[PDB]
């Protein structure tokens, strides 16, 4: 389900959580993770070498699923790769040796569901609110426009309207 070097993703503010959850049942979504606490440690060089390339690098821990991930997003839009890791602090220390250090941390509650080829995330960030992301990962750059349009259609199906789309990342929304 998570296979690819491209991730096409749309983020929406969630105005009506009830309708979203009702649609997740109607469409027989399968829960991949439920109400996990997700702590993301963002890493960069002293001089923000990665941000200057529109790269983000994250070590993610999700509890109680026990998933731990090293994620490199970028450079620029729609590029994303991730690896499962056994130990966040181990990889964090390895990356510190290479010059990458904790820049800030983002915490959220997140559930992840699958419906056919699509992933749908339902997120809550203290102080910011409720969001949902609709995404599909692919290795094929030739269908990215089609895939993004399919995500927008799919989202509408959960009550997520064109006008609730949020182009800013959580890092941007949190002032980082």
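Numbering follows the first chain given and starts at 1.
- Legend: mean Cα B-factor per stretch from the PDB entry, 23 to 31 versus 146 to 154; the higher mean is in 23 to 31.
- When the Cα B-factors of 114, 42, 131, 70 are read from the PDB record, 114 comes out highest.
- Per the PDB record, residue ranking by Cα B-factor puts residue 2 in the highest third of the chain.
- Per the PDB record, residue ranking by Cα B-factor puts residue 81 in the lowest third of the chain.
- Annotation for residue 140: CA B-factor lies in the highest third of the chain's modelled residues.
- Sorting the modelled residues of the chain by their CA temperature factor places residue 14 in the middle third.
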